[PDB]
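Listing of entry.pdb, PDB, C-alpha atoms (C1' of nucleotides)
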```pdb
ATOM      1  CA  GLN D   3     -43.433 -32.526  -3.395
ATOM      2  CA  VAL D   4     -41.808 -35.641  -1.961
ATOM      3  CA  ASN D   5     -42.089 -38.037  -4.893
ATOM      4  CA  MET D   6     -39.011 -40.063  -5.752
ATOM      5  CA  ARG D   7     -40.024 -40.500  -9.394
ATOM      6  CA  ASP D   8     -39.931 -36.894 -10.643
ATOM      7  CA  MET D   9     -36.869 -36.152  -8.529
ATOM      8  CA  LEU D  10     -35.195 -39.290  -9.861
ATOM      9  CA  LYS D  11     -36.394 -38.646 -13.427
ATOM     10  CA  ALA D  12     -35.640 -34.931 -13.460
ATOM     11  CA  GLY D  13     -31.994 -34.486 -12.500
ATOM     12  CA  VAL D  14     -31.549 -34.090  -8.724
ATOM     13  CA  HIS D  15     -29.779 -37.378  -7.922
ATOM     14  CA  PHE D  16     -26.879 -36.718 -10.294
ATOM     15  CA  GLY D  17     -23.984 -34.865  -8.729
ATOM     16  CA  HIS D  18     -20.777 -33.478 -10.147
ATOM     17  CA  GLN D  19     -17.904 -35.657 -11.254
ATOM     18  CA  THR D  20     -16.046 -37.128  -8.244
ATOM     19  CA  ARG D  21     -12.841 -35.122  -8.830
ATOM     20  CA  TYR D  22     -14.723 -31.841  -8.303
ATOM     21  CA  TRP D  23     -16.339 -32.484  -4.985
ATOM     22  CA  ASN D  24     -16.452 -30.981  -1.545
ATOM     23  CA  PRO D  25     -15.680 -33.007   1.565
ATOM     24  CA  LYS D  26     -18.236 -30.926   3.481
ATOM     25  CA  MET D  27     -20.896 -32.486   1.248
ATOM     26  CA  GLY D  28     -19.973 -36.019   2.270
ATOM     27  CA  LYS D  29     -23.081 -36.528   4.375
ATOM     28  CA  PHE D  30     -25.390 -35.800   1.444
ATOM     29  CA  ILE D  31     -23.884 -38.470  -0.819
ATOM     30  CA  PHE D  32     -25.128 -41.996  -1.417
ATOM     31  CA  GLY D  33     -21.870 -43.274  -2.858
ATOM     32  CA  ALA D  34     -20.889 -43.050  -6.505
ATOM     33  CA  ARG D  35     -21.418 -44.737  -9.874
ATOM     34  CA  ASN D  36     -19.683 -44.406 -13.249
ATOM     35  CA  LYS D  37     -17.128 -41.974 -11.805
ATOM     36  CA  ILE D  38     -19.736 -39.437 -10.655
ATOM     37  CA  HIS D  39     -21.281 -38.811  -7.248
ATOM     38  CA  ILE D  40     -24.898 -39.634  -6.513
ATOM     39  CA  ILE D  41     -26.588 -37.175  -4.200
ATOM     40  CA  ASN D  42     -28.630 -38.845  -1.502
ATOM     41  CA  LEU D  43     -32.283 -38.169  -2.272
ATOM     42  CA  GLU D  44     -33.364 -39.903   0.934
ATOM     43  CA  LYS D  45     -32.044 -36.919   2.898
ATOM     44  CA  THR D  46     -32.974 -34.267   0.341
ATOM     45  CA  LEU D  47     -36.685 -34.871   0.849
ATOM     46  CA  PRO D  48     -36.726 -34.156   4.595
ATOM     47  CA  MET D  49     -34.649 -30.994   4.135
ATOM     48  CA  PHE D  50     -36.578 -29.908   1.065
ATOM     49  CA  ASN D  51     -39.738 -29.551   3.141
ATOM     50  CA  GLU D  52     -37.975 -27.529   5.824
ATOM     51  CA  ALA D  53     -37.014 -25.360   2.884
ATOM     52  CA  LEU D  54     -40.574 -25.308   1.609
ATOM     53  CA  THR D  55     -42.084 -25.048   5.072
ATOM     54  CA  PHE D  56     -39.931 -22.027   5.823
ATOM     55  CA  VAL D  57     -40.691 -20.379   2.490
ATOM     56  CA  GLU D  58     -44.440 -20.992   2.805
ATOM     57  CA  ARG D  59     -44.409 -19.764   6.420
ATOM     58  CA  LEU D  60     -42.703 -16.556   5.296
ATOM     59  CA  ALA D  61     -45.367 -15.398   2.844
ATOM     60  CA  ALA D  62     -48.050 -16.306   5.397
ATOM     61  CA  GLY D  63     -46.620 -13.589   7.620
ATOM     62  CA  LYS D  64     -45.963 -11.471   4.477
ATOM     63  CA  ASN D  65     -42.275 -11.305   3.599
ATOM     64  CA  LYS D  66     -39.956 -11.060   0.619
ATOM     65  CA  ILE D  67     -37.818 -13.850  -0.820
ATOM     66  CA  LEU D  68     -35.153 -13.022  -3.415
ATOM     67  CA  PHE D  69     -34.874 -15.580  -6.214
ATOM     68  CA  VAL D  70     -31.243 -15.540  -7.327
ATOM     69  CA  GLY D  71     -30.175 -17.668 -10.279
ATOM     70  CA  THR D  72     -28.050 -15.891 -12.864
ATOM     71  CA  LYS D  73     -26.946 -18.960 -14.837
ATOM     72  CA  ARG D  74     -27.296 -20.006 -18.495
ATOM     73  CA  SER D  75     -29.123 -23.162 -17.409
ATOM     74  CA  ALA D  76     -31.480 -21.311 -15.052
ATOM     75  CA  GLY D  77     -31.660 -18.230 -17.267
ATOM     76  CA  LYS D  78     -35.263 -18.717 -18.386
ATOM     77  CA  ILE D  79     -36.797 -20.840 -15.641
ATOM     78  CA  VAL D  80     -36.184 -18.046 -13.134
ATOM     79  CA  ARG D  81     -38.631 -15.765 -14.965
ATOM     80  CA  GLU D  82     -41.576 -18.168 -14.568
ATOM     81  CA  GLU D  83     -41.113 -18.776 -10.853
ATOM     82  CA  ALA D  84     -42.452 -17.293  -7.608
ATOM     83  CA  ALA D  85     -40.937 -13.893  -8.501
ATOM     84  CA  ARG D  86     -43.438 -13.627 -11.339
ATOM     85  CA  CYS D  87     -46.003 -14.964  -8.824
ATOM     86  CA  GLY D  88     -45.123 -12.139  -6.388
ATOM     87  CA  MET D  89     -41.417 -12.113  -5.493
ATOM     88  CA  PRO D  90     -38.154 -10.291  -6.147
ATOM     89  CA  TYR D  91     -35.551 -11.912  -8.385
ATOM     90  CA  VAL D  92     -32.305 -11.702 -10.296
ATOM     91  CA  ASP D  93     -31.478 -13.564 -13.486
ATOM     92  CA  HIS D  94     -28.427 -11.844 -14.925
ATOM     93  CA  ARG D  95     -25.254 -11.093 -12.973
ATOM     94  CA  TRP D  96     -25.681 -10.691  -9.244
ATOM     95  CA  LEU D  97     -24.036  -7.266  -9.063
ATOM     96  CA  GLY D  98     -21.617  -7.355  -6.162
ATOM     97  CA  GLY D  99     -23.243  -4.694  -4.072
ATOM     98  CA  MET D 100     -26.945  -5.445  -3.727
ATOM     99  CA  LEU D 101     -28.047  -5.970  -0.084
ATOM    100  CA  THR D 102     -24.758  -4.866   1.512
ATOM    101  CA  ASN D 103     -24.455  -1.688  -0.502
ATOM    102  CA  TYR D 104     -28.161  -1.489  -1.128
ATOM    103  CA  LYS D 105     -28.238   2.267  -0.588
ATOM    104  CA  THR D 106     -26.180   2.865  -3.734
ATOM    105  CA  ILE D 107     -28.112   0.177  -5.588
ATOM    106  CA  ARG D 108     -31.310   1.808  -4.418
ATOM    107  CA  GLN D 109     -30.496   4.936  -6.394
ATOM    108  CA  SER D 110     -30.185   3.219  -9.780
ATOM    109  CA  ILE D 111     -33.632   1.755 -10.284
ATOM    110  CA  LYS D 112     -34.384   4.781 -12.471
ATOM    111  CA  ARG D 113     -33.355   4.406 -16.119
ATOM    112  CA  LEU D 114     -36.649   5.276 -17.774
ATOM    113  CA  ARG D 115     -38.354   6.402 -14.570
ATOM    114  CA  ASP D 116     -37.379  10.041 -15.051
ATOM    115  CA  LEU D 117     -38.215   9.955 -18.776
ATOM    116  CA  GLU D 118     -41.676   8.438 -18.999
ATOM    117  CA  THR D 119     -42.755  10.861 -21.716
ATOM    118  CA  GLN D 120     -40.009  10.944 -24.328
ATOM    119  CA  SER D 121     -39.347   7.216 -23.769
ATOM    120  CA  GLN D 122     -42.744   6.581 -25.364
ATOM    121  CA  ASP D 123     -42.111   9.482 -27.800
ATOM    122  CA  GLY D 124     -39.330   7.529 -29.489
ATOM    123  CA  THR D 130     -35.221  13.476 -30.164
ATOM    124  CA  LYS D 131     -33.552  10.651 -32.128
ATOM    125  CA  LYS D 132     -29.849   9.968 -31.605
ATOM    126  CA  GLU D 133     -29.973  11.283 -28.047
ATOM    127  CA  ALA D 134     -32.731   8.809 -27.212
ATOM    128  CA  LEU D 135     -31.532   5.739 -29.133
ATOM    129  CA  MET D 136     -28.462   5.298 -26.915
ATOM    130  CA  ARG D 137     -30.675   5.568 -23.840
ATOM    131  CA  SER D 138     -33.263   3.345 -25.510
ATOM    132  CA  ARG D 139     -30.488   0.840 -26.136
ATOM    133  CA  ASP D 140     -29.268   1.298 -22.569
ATOM    134  CA  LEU D 141     -32.736   1.111 -21.031
ATOM    135  CA  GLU D 142     -32.525  -2.697 -21.283
ATOM    136  CA  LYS D 143     -29.141  -2.606 -19.581
ATOM    137  CA  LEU D 144     -30.787  -1.538 -16.332
ATOM    138  CA  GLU D 145     -33.787  -3.679 -17.327
ATOM    139  CA  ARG D 146     -31.576  -6.768 -17.394
ATOM    140  CA  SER D 147     -29.394  -6.421 -14.311
ATOM    141  CA  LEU D 148     -31.695  -4.674 -11.849
ATOM    142  CA  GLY D 149     -34.793  -5.462 -13.907
ATOM    143  CA  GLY D 150     -36.208  -8.071 -11.543
ATOM    144  CA  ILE D 151     -35.517  -6.029  -8.431
ATOM    145  CA  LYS D 152     -37.893  -3.210  -9.316
ATOM    146  CA  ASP D 153     -40.199  -3.972  -6.407
ATOM    147  CA  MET D 154     -38.425  -4.783  -3.145
ATOM    148  CA  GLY D 155     -39.178  -2.090  -0.573
ATOM    149  CA  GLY D 156     -35.748  -2.301   1.010
ATOM    150  CA  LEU D 157     -34.039  -5.617   1.697
ATOM    151  CA  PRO D 158     -35.612  -9.077   1.647
ATOM    152  CA  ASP D 159     -35.951 -11.521   4.536
ATOM    153  CA  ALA D 160     -34.852 -14.697   2.770
ATOM    154  CA  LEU D 161     -32.706 -15.518  -0.241
ATOM    155  CA  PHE D 162     -33.168 -18.518  -2.496
ATOM    156  CA  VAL D 163     -30.172 -19.388  -4.643
ATOM    157  CA  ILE D 164     -30.344 -22.366  -6.977
ATOM    158  CA  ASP D 165     -26.572 -22.868  -7.388
ATOM    159  CA  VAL D 166     -24.583 -21.906  -4.298
ATOM    160  CA  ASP D 167     -21.159 -22.445  -5.894
ATOM    161  CA  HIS D 168     -21.983 -20.193  -8.863
ATOM    162  CA  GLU D 169     -23.777 -17.494  -6.905
ATOM    163  CA  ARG D 170     -21.326 -17.556  -4.027
ATOM    164  CA  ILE D 171     -21.055 -13.778  -3.818
ATOM    165  CA  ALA D 172     -24.785 -13.541  -3.212
ATOM    166  CA  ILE D 173     -24.580 -15.627  -0.052
ATOM    167  CA  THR D 174     -21.661 -13.664   1.366
ATOM    168  CA  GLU D 175     -23.779 -10.525   1.559
ATOM    169  CA  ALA D 176     -26.865 -12.324   2.786
ATOM    170  CA  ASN D 177     -24.863 -13.813   5.637
ATOM    171  CA  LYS D 178     -23.119 -10.489   6.264
ATOM    172  CA  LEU D 179     -26.443  -8.798   6.965
ATOM    173  CA  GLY D 180     -28.198 -11.799   8.489
ATOM    174  CA  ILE D 181     -30.958 -12.705   6.061
ATOM    175  CA  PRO D 182     -31.456 -16.521   5.874
ATOM    176  CA  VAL D 183     -30.482 -18.306   2.650
ATOM    177  CA  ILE D 184     -32.319 -21.277   1.183
ATOM    178  CA  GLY D 185     -30.149 -22.965  -1.398
ATOM    179  CA  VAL D 186     -29.568 -25.909  -3.654
ATOM    180  CA  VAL D 187     -26.104 -27.276  -3.002
ATOM    181  CA  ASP D 188     -24.630 -29.643  -5.551
ATOM    182  CA  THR D 189     -21.853 -32.129  -4.705
ATOM    183  CA  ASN D 190     -19.069 -29.792  -5.876
ATOM    184  CA  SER D 191     -20.382 -26.841  -3.872
ATOM    185  CA  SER D 192     -20.104 -26.207  -0.149
ATOM    186  CA  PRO D 193     -23.043 -26.182   2.315
ATOM    187  CA  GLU D 194     -21.687 -23.440   4.544
ATOM    188  CA  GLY D 195     -23.541 -20.197   4.985
ATOM    189  CA  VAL D 196     -26.822 -21.427   3.580
ATOM    190  CA  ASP D 197     -29.311 -21.376   6.448
ATOM    191  CA  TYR D 198     -31.614 -23.939   4.838
ATOM    192  CA  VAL D 199     -29.820 -26.388   2.567
ATOM    193  CA  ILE D 200     -31.219 -28.364  -0.362
ATOM    194  CA  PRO D 201     -28.710 -31.038  -1.396
ATOM    195  CA  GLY D 202     -29.468 -31.598  -5.072
ATOM    196  CA  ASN D 203     -28.435 -31.321  -8.709
ATOM    197  CA  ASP D 204     -28.193 -27.752  -9.975
ATOM    198  CA  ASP D 205     -27.175 -28.189 -13.602
ATOM    199  CA  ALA D 206     -29.944 -30.011 -15.438
ATOM    200  CA  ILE D 207     -32.908 -27.910 -16.482
ATOM    201  CA  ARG D 208     -35.325 -30.620 -15.359
ATOM    202  CA  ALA D 209     -34.146 -30.274 -11.764
ATOM    203  CA  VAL D 210     -33.959 -26.493 -12.109
ATOM    204  CA  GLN D 211     -37.730 -26.215 -12.554
ATOM    205  CA  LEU D 212     -38.338 -28.755  -9.775
ATOM    206  CA  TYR D 213     -37.269 -26.416  -6.987
ATOM    207  CA  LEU D 214     -38.445 -23.257  -8.698
ATOM    208  CA  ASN D 215     -41.912 -24.674  -9.424
ATOM    209  CA  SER D 216     -42.160 -26.107  -5.913
ATOM    210  CA  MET D 217     -41.051 -22.764  -4.503
ATOM    211  CA  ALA D 218     -43.390 -20.923  -6.857
ATOM    212  CA  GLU D 219     -46.195 -23.063  -5.471
ATOM    213  CA  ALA D 220     -44.839 -22.673  -1.929
ATOM    214  CA  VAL D 221     -45.678 -18.989  -1.963
ATOM    215  CA  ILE D 222     -48.672 -19.716  -4.188
ATOM    216  CA  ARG D 223     -50.128 -21.912  -1.463
ATOM    217  CA  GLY D 224     -48.899 -19.564   1.235
ATOM    218  CA  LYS D 225     -50.126 -16.146   0.131
ATOM    219  CA  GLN D 226     -53.741 -17.177  -0.379
ATOM    220  CA  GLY D 227     -53.830 -18.688   3.089
ATOM    221  CA  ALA D 228     -53.209 -15.329   4.721
TER     222      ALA D 228
ATOM    223  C1'   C S   1     -21.823  86.494  -3.305
ATOM    224  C1'   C S   2     -26.361  85.009  -0.927
ATOM    225  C1'   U S   3     -28.932  89.320   1.879
ATOM    226  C1'   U S   4     -33.828  87.527   8.941
ATOM    227  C1'   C S   5     -29.242  93.412   5.867
ATOM    228  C1'   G S   6     -26.371  89.495  11.488
ATOM    229  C1'   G S   7     -23.112  86.169   8.899
ATOM    230  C1'   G S   8     -20.683  82.967   5.311
ATOM    231  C1'   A S   9     -17.509  80.865   1.500
ATOM    232  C1'   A S  10     -13.535  78.959  -2.596
ATOM    233  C1'   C S  11      -8.317  80.300  -4.159
ATOM    234  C1'   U S  12      -1.890  82.638  -7.756
ATOM    235  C1'   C S  13       0.504  82.280  -3.182
ATOM    236  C1'   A S  14       1.226  82.503   1.959
ATOM    237  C1'   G S  15       2.855  81.432   8.182
ATOM    238  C1'   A S  16       3.009  76.948  13.010
ATOM    239  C1'   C S  17       2.185  70.757  14.760
ATOM    240  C1'   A S  18       1.987  66.585  11.511
ATOM    241  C1'   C S  19       2.747  64.727   6.973
ATOM    242  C1'   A S  20       1.588  62.427   1.926
ATOM    243  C1'   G S  21       6.877  60.430  -1.253
ATOM    244  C1'   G S  22       9.473  53.703  -0.491
ATOM    245  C1'   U S  23      11.390  57.188  -6.180
ATOM    246  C1'   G S  24      16.390  50.843  -2.417
ATOM    247  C1'   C S  25      15.724  45.557   0.406
ATOM    248  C1'   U S  26      12.553  41.517  -0.605
ATOM    249  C1'   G S  27       7.562  35.880  -3.765
ATOM    250  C1'   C S  28      10.588  31.365   0.967
ATOM    251  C1'   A S  29       5.420  33.012   7.602
ATOM    252  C1'   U S  30       0.737  36.975   1.253
ATOM    253  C1'   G S  31      -0.668  36.256  -5.716
ATOM    254  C1'   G S  32      -6.648  35.250  -7.613
ATOM    255  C1'   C S  33      -9.988  33.931 -13.258
ATOM    256  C1'   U S  34      -1.708  29.366 -16.162
ATOM    257  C1'   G S  35       4.723  31.816 -18.386
ATOM    258  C1'   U S  36       5.653  23.863 -19.603
ATOM    259  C1'   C S  37       0.744  17.372 -21.854
ATOM    260  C1'   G S  38       2.509  14.983 -27.461
ATOM    261  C1'   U S  39      -4.136  17.064 -27.251
ATOM    262  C1'   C S  40      -3.663  11.561 -22.201
ATOM    263  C1'   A S  41      -9.447  10.400 -21.253
ATOM    264  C1'   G S  42      -6.216  10.205 -18.453
ATOM    265  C1'   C S  43      -6.318  11.894 -12.678
ATOM    266  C1'   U S  44      -9.773  11.149  -8.349
ATOM    267  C1'   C S  45     -14.167  10.458  -5.137
ATOM    268  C1'   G S  46     -19.134   8.350  -2.314
ATOM    269  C1'   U S  47     -20.733   3.728  -0.708
ATOM    270  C1'   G S  48     -19.729  -1.424  -0.690
ATOM    271  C1'   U S  49     -16.141  -5.438  -0.472
ATOM    272  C1'   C S  50     -11.212  -7.629   0.455
ATOM    273  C1'   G S  51      -6.494  -6.754   3.726
ATOM    274  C1'   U S  52      -3.998  -6.438  10.960
ATOM    275  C1'   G S  53      -2.603  -2.495   8.155
ATOM    276  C1'   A S  54      -0.261   1.219   4.480
ATOM    277  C1'   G S  55      -3.306  -0.205   0.410
ATOM    278  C1'   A S  56      -6.167  -2.317  -3.307
ATOM    279  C1'   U S  57     -10.557  -2.874  -6.061
ATOM    280  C1'   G S  58     -13.489   0.305  -8.983
ATOM    281  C1'   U S  59      -9.715   2.442 -13.211
ATOM    282  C1'   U S  60      -8.183  -5.062 -14.144
ATOM    283  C1'   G S  61      -9.398  -8.598 -18.439
ATOM    284  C1'   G S  62     -11.346  -9.765 -24.094
ATOM    285  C1'   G S  63     -12.354  -6.665 -28.298
ATOM    286  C1'   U S  64     -12.563  -1.653 -30.261
ATOM    287  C1'   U S  65     -11.584   3.754 -30.534
ATOM    288  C1'   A S  66      -8.521  10.377 -31.655
ATOM    289  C1'   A S  67     -10.777   9.601 -27.525
ATOM    290  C1'   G S  68     -13.578   6.193 -18.970
ATOM    291  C1'   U S  69     -18.640   7.703 -26.465
ATOM    292  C1'   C S  70     -17.614   2.820 -25.711
ATOM    293  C1'   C S  71     -19.251  -2.683 -26.040
ATOM    294  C1'   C S  72     -18.778  -7.710 -23.771
ATOM    295  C1'   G S  73     -17.201  -9.979 -19.211
ATOM    296  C1'   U S  74     -16.109  -8.816 -13.708
ATOM    297  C1'   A S  75     -16.943  -7.507  -5.727
ATOM    298  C1'   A S  76     -18.306  -3.879  -7.323
ATOM    299  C1'   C S  77     -22.147  -0.097  -7.949
ATOM    300  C1'   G S  78     -22.288   4.926  -8.868
ATOM    301  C1'   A S  79     -20.052   9.618  -9.766
ATOM    302  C1'   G S  80     -17.107  14.186 -10.341
ATOM    303  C1'   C S  81     -15.780  16.559 -14.648
ATOM    304  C1'   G S  82     -16.237  15.788 -22.695
ATOM    305  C1'   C S  83     -15.683  16.315 -28.970
ATOM    306  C1'   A S  84     -21.092  15.779 -29.257
ATOM    307  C1'   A S  85     -25.593  19.140 -27.776
TER     308        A S  85
END
```
Written form, structure tokens:
Amino acid sequence: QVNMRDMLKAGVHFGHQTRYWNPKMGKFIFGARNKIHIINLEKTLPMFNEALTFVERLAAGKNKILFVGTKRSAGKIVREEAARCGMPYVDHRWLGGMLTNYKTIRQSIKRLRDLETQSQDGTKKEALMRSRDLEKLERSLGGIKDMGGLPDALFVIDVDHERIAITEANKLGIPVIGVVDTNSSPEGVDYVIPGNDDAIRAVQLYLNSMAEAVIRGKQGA
RNA sequence: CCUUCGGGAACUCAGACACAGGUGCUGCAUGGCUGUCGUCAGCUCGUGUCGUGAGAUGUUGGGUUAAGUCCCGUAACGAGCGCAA
């Protein structure tokens, strides 16, 4: 949870190169070294918990938390997270429309749904192009199968990259927990998490602590 | 020509009121299931987003194709309509 070692050993402290940096993220910076900014991990800790506390006090009252993270780096660690442990997620291309235009995205969760007979039957040419394009809908909307409407919290692990995601969340009102690296901007994210969002090591750190947040918050209730 | 043995009818033509006839005008208050695309997959829409707005995005880009069959990327996601069948 709050152990310097793992955080210090697994990414986190490292920020983006000084040239690419936001002046809004000045407070969460403990200076610089070797022409790179060092995120302050003495202020990450405190906030982390408020991010974990919130998340664990959301599943205790039974709620949904979207796990956004459609990035090469986080494109495998966001499959073995809290979404596999009982949450909704997105790992490939946050389609600009989900949550704000959820009604039109609601009616496109059926790719194989209305063909659960001949999809296991393996026609031939008329099925192969749908078989091929069954994964299409299985990749983009694949992790949003179960949702029952909108969520109540969003958890992005790279606010600068998944900036569209947060614009919709804020537009509707659903709180956003998010890792903000030095080059990103901490504006719009309800609960911030100032930390590295590029190294895999750090990527699992939040995911695994958020996986366990709902894991030690769903059994309680 | 049917017959309660009363009565009735159609027509070559035929007499009085009204008429049918537009057989001139005019596709500029009236065509519906075309008299001009080379066969362009090109023209649009619902919702969402961006803009004070008219708009725009979707439909742009990278590749590919007779060809929105496409594929990969992308504030868009779907759709109306195909050679296939």
Contacts between chain D and chain S, please, where a residue of chain S counts if it comes within 7 Å (with all atoms listed in the file); show its shortest atom pair and distance in Å to one decimal, rows by chain and ascending number, as a Markdown table.
```
| residue | atom | partner | partner_atom | distance |
| --- | --- | --- | --- | --- |
| S:47 | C1' | D:106 | CA | 6.3 |
| S:48 | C1' | D:103 | CA | 4.7 |
| S:75 | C1' | D:98 | CA | 4.7 |
| S:76 | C1' | D:98 | CA | 4.9 |
| S:77 | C1' | D:99 | CA | 6.1 |
| S:78 | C1' | D:106 | CA | 6.8 |
```
Expansion of the PyMOL selection byres ((chain D and resi 112) around 10) into residues, as a PyMOL selection string: chain D and resi 108-111+113-117+141+144-145+148+152
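Restricting the calculation to all atoms listed in the file, the smallest distance between residue D:156 and any of D:35, D:66, D:18, D:73 is found for D:66.
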Just how far from atom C1' of residue S:84 is atom CA of residue D:142, in Å to one decimal? 23.1 Å
Would you give the centre and edge lengths, in Å to one decimal, of a box along x, y and z around the listed atoms of stretch 32-45 of chain S, with 3 Å added to each side, as lines of an AutoDock Vina configuration file?
```
center_x = -4.3
center_y = 22.7
center_z = -16.3
size_x = 25.8
size_y = 31.0
size_z = 28.3
```
One number please: atom CA of residue D:204 to atom CA of residue D:53, in Å, one decimal.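 Atom-to-atom, atom CA of residue D:204 to atom CA of residue D:53, that is 15.8 Å.
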Computed interatomic separation between atom CA of residue D:79 and atom CA of residue D:173 (Å):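 Atom CA of residue D:173 lies 20.5 Å from atom CA of residue D:79.
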Starting from the displayed file, determine the output of the PyMOL selection byres ((chain S and resi 66) around 10) and express the residue list as number ranges by chain. S: 39, 65, 67, 83
Using all atoms listed in the file, pick whichever of D:219, D:5, D:86, D:93 has the shortest atom-to-atom distance to residue D:74. D:93
Hits of the PyMOL selection byres ((chain S and resi 44) around 9) in this structure, as a PDB file with C-alpha atoms (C1' of nucleotides), in the frame of the given file:
```pdb
ATOM      1  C1'   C S  43      -6.318  11.894 -12.678  1.00  0.00           C
ATOM      2  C1'   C S  45     -14.167  10.458  -5.137  1.00  0.00           C
ATOM      3  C1'   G S  80     -17.107  14.186 -10.341  1.00  0.00           C
TER       4        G S  80
END
```
Stretch 157-161 of chain D: which residues within 8 Å, counting all atoms listed in the file, same-chain residues fewer than 4 positions away excluded, as a ChimeraX atom specification? /D:65-70,101,104,176,181-185
Step by step: start from the point (-12.1, -4.9, -7.1) in the file's coordinates, keep every protein, DNA or RNA residue that has an atom no farther than 10 Å from it, count all atoms listed in the file, and write the set as number ranges by chain. D: 98; S: 49-50, 56-60, 74-76
Would you save the residues of that selection, restricted to C-alpha atoms (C1' of nucleotides), as a PDB file, in the coordinates of the input?
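Written output follows (part_29.pdb):
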```
ATOM      1  CA  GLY D  98     -21.617  -7.355  -6.162  1.00  0.00           C
TER       2      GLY D  98
ATOM      3  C1'   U S  49     -16.141  -5.438  -0.472  1.00  0.00           C
ATOM      4  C1'   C S  50     -11.212  -7.629   0.455  1.00  0.00           C
ATOM      5  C1'   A S  56      -6.167  -2.317  -3.307  1.00  0.00           C
ATOM      6  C1'   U S  57     -10.557  -2.874  -6.061  1.00  0.00           C
ATOM      7  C1'   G S  58     -13.489   0.305  -8.983  1.00  0.00           C
ATOM      8  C1'   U S  59      -9.715   2.442 -13.211  1.00  0.00           C
ATOM      9  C1'   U S  60      -8.183  -5.062 -14.144  1.00  0.00           C
ATOM     10  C1'   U S  74     -16.109  -8.816 -13.708  1.00  0.00           C
ATOM     11  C1'   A S  75     -16.943  -7.507  -5.727  1.00  0.00           C
ATOM     12  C1'   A S  76     -18.306  -3.879  -7.323  1.00  0.00           C
TER      13        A S  76
END
```
